[PDB]
Amino acid sequence: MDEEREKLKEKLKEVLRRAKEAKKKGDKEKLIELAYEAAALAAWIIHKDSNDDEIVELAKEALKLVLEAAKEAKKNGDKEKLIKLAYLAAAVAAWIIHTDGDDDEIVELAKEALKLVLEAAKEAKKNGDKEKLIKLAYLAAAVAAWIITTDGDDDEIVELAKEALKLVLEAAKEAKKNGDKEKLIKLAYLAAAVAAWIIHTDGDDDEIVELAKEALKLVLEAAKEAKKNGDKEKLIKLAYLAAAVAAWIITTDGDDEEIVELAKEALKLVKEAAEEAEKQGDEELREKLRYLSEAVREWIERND
Amino acid sequence: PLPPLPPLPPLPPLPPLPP
């Protein structure tokens, strides 16, 4: 068998035992320490796809421990341990999502971890740390992107995804001011994916249309940097996102002079990526980029 | 030993397209 799976299994089961003892006994700071160790054990024990159900339960119970340690740390008033616990909760959540896909109680646990990170990101802005702001926004968007796919019907998911989109857009602006562009590209990816799912599942309002515009101009500038770094692979996916967001805005809200400008820029981006994908040989992406390019032209050119 | 802190998760799948 896999001796490391077994050791990680009994080691994580140990930490949960000690944590349930420290909670019963009354010491809180060790319960936060044990939460740190439970999260690292959980996220690593599911770092690749596993079939054993016992592995995914310990991960969920570890997440439950992180959330319990998060609500005690908020009452004691330590902001920095609250931010780290919020980071751990979302990271563990999204790794449980990646491995097990969809079970029943991960929806409510990931929703609780999403609200926790949105609070920490607001609190991280109050402290002024840009590194933690980006990572928390990355997690919020990654988690929100999944929840709206599998749930979608819940009313609270809309607001949390909108707050996550608004959050990653701010984090993508400070990442532009730091200098690192690879982090900007990944934040733009999340901005488009979330913006597209929000318009997909819930339609439009005044705020969704404004946020989607910002996510669209964000991925356009990100794909402009991806062309400078000479990376064909991330370029074609960014062009997909640009067209997708532009398509969801036009087909639901319509277009003004601002939207047609961004749509045209995204359209010339897709035609360049459709050329690069046919060179590299991506049959599925080649025919989806043609679908986008045609659908966007038909909508733009209806007043013509 | 003790495993490292949880890394950032992989990116979510691509979103669907309008009808």
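FYI the Cβ positions are ideal-geometry reconstructions off the backbone, even for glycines, and counts take in every protein chain you see. No value in this document is a laboratory result; all are computed from the given coordinates.
Among the listed pairs A:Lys24/A:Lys162; A:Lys7/A:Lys30; A:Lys132/A:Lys279; A:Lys122/A:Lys186; A:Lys25/A:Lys71, which are separated by more than 27 Å between their Cα atoms?
A:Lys24/A:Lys162; A:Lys132/A:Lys279
Taking the alpha-carbon centroid of each part, what is the distance from the stretch A:234-300 to the stretch A:75-100 in angstrom?
What the calculation gives is 35 Å, centre to centre.
Using only the alpha-carbon atoms, how far is helix A:106-127 inclined from the longest principal axis of chain A? Give it as 0 to 90 degrees, nearest 10.
Once rounded, the angle reads 80 degrees.
How large is Rg/Rh for chain A, to two decimals, with Cα atoms and a Kirkwood Rh? Mind dumping the intermediate values first?
Details: Rg = 21.2 Å, Rh = 20.6 Å.
Here the Rg-to-Rh quotient is 1.03.
Explain nothing, just the number: dipole magnitude of the protein assembly as shown about its Cα centre with +1 on each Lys and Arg Cβ and -1 on each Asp and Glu Cβ, in debye rounded to the nearest 20.
Charge dipole, the protein assembly as shown, about its Cα centre: 1760 debye, nearest 20.
Taking chain A as the reference, fit the longest principal axis to its C-alpha atoms, fit the long axis of helix A:206-228 to the helix C-alpha atoms, and give the angle between the two in degrees, 0 to 90, nearest 10.
So the inclination is approximately 80 degrees.
Per residue of A:192-200, how many C-beta atoms from partner chains lie within 10 Å of its own C-beta, taken as a mean?
Average per residue, whole number: 3.
Along the charge dipole of the protein assembly as shown, which of A:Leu116, B:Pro4, A:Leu262 sits closest to the positive end, that is, farthest toward it, with unit charges on the beta carbon of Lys, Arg, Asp and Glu (+1, +1, -1, -1)?
B:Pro4
Where does the stretch A:80-224 land on the Kirkwood hydrodynamic radius, alpha-carbon pairs, in angstrom?
15.0
Based on the alpha-carbon set only, what is the convex hull volume of the stretch A:1-58 divided per residue, in Å³?
Considering the Cα atoms of the stretch A:1-58, their hull volume per residue is 66 Å³.
Of the residues A:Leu109, A:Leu67, A:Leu165, which exhibits the maximal mean-square fluctuation in a Gaussian network model of chain A defined by a 10 Å Cα contact cut-off?
A:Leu109
Just going by the charge dipole of chain A, with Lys and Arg at +1 and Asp and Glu at -1 on Cβ, which of A:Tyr138, A:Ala239, A:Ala223 is farthest out on the positive end?
Of A:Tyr138, A:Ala239, A:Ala223, it is A:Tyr138.
Based only on other Cβ atoms within 10 Å, what is the fewest-to-most ordering of A:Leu160, A:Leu34, A:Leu187?
In order of increasing Cβ crowding within 10 Å: A:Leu160, A:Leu34, A:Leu187.
Quick one: plug the Kirkwood hydrodynamic radius of the stretch A:1-138 (C-alpha pairs) into Stokes-Einstein at 37 °C, 0.692 mPa s, and report D in µm²/s. Numbers along the way, then the final one.
Details: Rh = 15.1 Å.
Taking Rh from Cα pairs, D becomes 217 µm²/s.
Using the Karplus curve 6.51 cos²θ - 1.76 cosθ + 1.60 with θ = phi - 60°, what ³J(HN,Hα) values do you get for each residue of the stretch A:242-247, in whole Hz, with x for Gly and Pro?
Karplus values, whole Hz, x for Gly and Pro: 4, 4, 4, 4, 4, 5.
If you take the square roots of the eigenvalues of the alpha-carbon gyration tensor of the stretch A:165-296 and sort them as a ≥ b ≥ c, do you get rounded (a/c under 1.5), prolate (a/b over b/c) or oblate?
Oblate, because a/c is 1.5 or more while a/b does not exceed b/c.
Taking other Cβ within 10 Å of each residue's Cβ, how do A:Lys81, A:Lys64, A:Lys71 sort, fewest first?
Least crowded to most crowded, the residues run A:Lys71, A:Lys64, A:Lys81.
Please turn the phi angles of the stretch A:175-185 into ³J(HN,Hα) values with the Karplus equation 6.51 cos²θ - 1.76 cosθ + 1.60 (θ = phi - 60°), one per residue in order, whole Hz, x for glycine and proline.
5, 5, 7, 6, x, 5, 9, 4, 6, 4, 4
Using alpha-carbon pairs under 8 Å, 6+ residues apart, how would you state the relative contact order of chain A in percent?
Relative contact order of chain A: 10 percent.
One-quarter of the Cα convex hull surface for the stretch A:97-140, in nm²? Don't jump to the answer; show the numbers that get you there.
Working: hull surface 12.6 nm².
Its average projected convex-hull area is 3.1 nm².
Which of A:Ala40, A:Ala110, A:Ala244 moves most in a GNM of chain A, Cα contacts under 10 Å?
Maximum fluctuation in the GNM of chain A, among the listed residues, is at A:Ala40.
Report the extension gain between A:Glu105 and A:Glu257 in nm, rounded to one decimal, defined as 0.36 nm multiplied by the number of residues separating them, less their alpha carbon distance.
Result for the pair: 50.2 nm of gain on full extension.
Once the Cα atoms of helix A:29-45 and of chain A are each reduced to a long axis, what angle between those two axes, in degrees from 0 to 90 to the nearest 10, is obtained?
Result, in degrees: 50.
Based solely on its DSSP helices, what 222 nm [θ] is calculated for chain A when runs of n ≥ 4 H residues each add -39,500 (n - 2.57) and the sum is averaged over all residues, nearest 500 deg cm²/dmol?
Rounded to the nearest 500, the figure is -30000 deg cm²/dmol.
Determine which residues of the stretch A:226-247 fall in the zone a paramagnetic label at A:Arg290 would reach in this model, i.e. backbone nitrogen under 17 Å from the point 7 Å along Cα→Cβ.
Residues A:240 qualify, since their backbone N sits under 17 Å from the label point.
Rank A:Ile106, B:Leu17, A:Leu63 by how far each Cα sits towards the positive end of the charge dipole of the protein assembly as shown (+1 on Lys, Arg Cβ; -1 on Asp, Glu Cβ) and give me just the farthest.
Farthest towards the positive end: A:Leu63.
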